[PDB]
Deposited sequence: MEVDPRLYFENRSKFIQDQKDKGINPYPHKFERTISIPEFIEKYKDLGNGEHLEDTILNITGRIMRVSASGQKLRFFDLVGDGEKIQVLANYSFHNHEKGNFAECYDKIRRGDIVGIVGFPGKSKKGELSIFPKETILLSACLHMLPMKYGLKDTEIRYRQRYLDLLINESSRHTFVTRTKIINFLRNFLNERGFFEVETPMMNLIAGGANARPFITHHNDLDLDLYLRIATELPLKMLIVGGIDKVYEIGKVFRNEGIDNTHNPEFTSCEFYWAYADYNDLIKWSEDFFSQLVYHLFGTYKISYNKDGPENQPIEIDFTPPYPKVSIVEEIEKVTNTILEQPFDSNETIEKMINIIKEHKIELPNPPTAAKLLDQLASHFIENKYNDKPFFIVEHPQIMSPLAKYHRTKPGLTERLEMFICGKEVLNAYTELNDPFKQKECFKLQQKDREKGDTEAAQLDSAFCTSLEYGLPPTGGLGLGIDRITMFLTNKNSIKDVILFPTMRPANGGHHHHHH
């Protein structure tokens, strides 16, 4: 029938069943066992064995109906499935009519079943109901997995995605397992989880336009946080020497497969740690995280989509370290001299952009030219293993401490997976007089009270989940991505 017509039939059926005095949405059904526990407890029953002495109460959603006095159903719950075989021989006719009970049941209805466990004569693990009650009706027609495959409905109606395609549930189980592992990884090393405000009075910094909202009680316009960097460092001043936060941060810019205006970040700050501690932490976390999920350090990833051949990513540490300026000079055969914002070096960088591959010129400030020469010459050198780009010029990282030996550089590291930034870390500049941005006000004042030598690090949780669940879009690892209505 037409999907519009099917909905009106079940709607009239609900009120038609309310007119007969029946409540089609009962309040409570006291379940005794779950479908996963039911599978594990009765997996090894005989072919055709019936345990008609053990009576159980089970719930689930009906996802299949089959055909007299014999009826068959598929009962799905917690991502697993069993069969329902309603036999007229085992039905309790004192509690109601067999036909009238099972005729009204359709696919998608949530039911509670009182019956016994057993396997079919063909060897299908089933529950044999003596009684079946409708707990919640399904008004619409549920589509087949073909019906959800290549459409945007997976994002607009995520609940049908989780019901119909088993791989979707696995993606988000993996996401939670990743975040659980990270939180436990930090707590095992003495890190302390905190909450910092999501709205502040200082707009975004140098990267993206902010989300602007009005605080009614203060009559002020505030800005959603672009990062947890500043308040976490103030806690380091406060004596919380190992601190971190896992939460949402916002950048009011354009959406694409690896950028979402609202995304999940983890930042930690580690007093008395330096650039080398942050490198070893990254190599330890990612290698142990991949082994925790897969039992191996090698994963497969369809970088260019499931249509195309996948690449193998090896997370066996150690990972290569590539110095940005020295490697750009190696691959471009040039030498870029003292301050990179010089008119001579900016001319040389722009003369590399257009002389070499015609790739896209930009608004030409020195940090942007360097950032795009790195994206064209470095960020795709290694696609079979993660690697760090290190020792970024201080003109690209104002809050990163100056390099100990190389002038004009910092002790910064950025880890890449398949050309995409996944981690950002550096030792934090703690000399208030060398922080030109103070010569944001609450943070500069806190620096004057003494920030110890500190190493900070930032993780992209959504992108990490993308690579570990073999996804090409960030929308595939977010439960409810914001979509155009």
query	finding
In sequence order, the deposited-sequence ranges that have no modelled C-alpha atom	1 to 2, 70 to 71, 444 to 460, 507 to 516
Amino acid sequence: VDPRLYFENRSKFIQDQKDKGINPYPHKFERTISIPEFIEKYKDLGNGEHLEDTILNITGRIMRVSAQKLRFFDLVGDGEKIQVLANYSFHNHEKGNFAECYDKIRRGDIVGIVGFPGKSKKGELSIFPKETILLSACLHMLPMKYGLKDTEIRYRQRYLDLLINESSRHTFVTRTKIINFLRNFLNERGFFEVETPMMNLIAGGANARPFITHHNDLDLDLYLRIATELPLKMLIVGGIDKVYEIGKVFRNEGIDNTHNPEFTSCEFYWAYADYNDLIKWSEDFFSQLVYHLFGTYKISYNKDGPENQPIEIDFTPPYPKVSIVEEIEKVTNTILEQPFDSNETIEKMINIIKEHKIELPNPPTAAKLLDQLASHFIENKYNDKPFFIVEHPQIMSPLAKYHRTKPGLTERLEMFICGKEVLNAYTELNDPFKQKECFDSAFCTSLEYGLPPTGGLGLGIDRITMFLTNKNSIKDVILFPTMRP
From here on, numbers count along this sequence of modelled residues.
| item | value |
| --- | --- |
| Mean Cα B-factor comparison, 92 to 100 or 275 to 283, giving the higher one as deposited | 92 to 100 |
| Of 393 to 401 and 260 to 268, the stretch whose C-alpha atoms average the higher B-factor in the entry | 393 to 401 |
| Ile313, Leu293, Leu75, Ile358, ranked by C-alpha B-factor: the highest one | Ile358 |
| Residue of maximum C-alpha B factor among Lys248, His214, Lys381, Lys242, per deposited coordinates | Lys381 |
| Third of chain Cα B-factors occupied by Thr454 | lowest |
| Third assignment of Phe443 from its chain's C-alpha B-factors | middle |
| Third of the chain, ranked by Cα B-factor, where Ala137 sits | middle |
| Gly112 by Cα B-factor - lowest, middle or highest third of the modelled chain | lowest |
| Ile58 by Cα B-factor - lowest, middle or highest third of the modelled chain | middle |
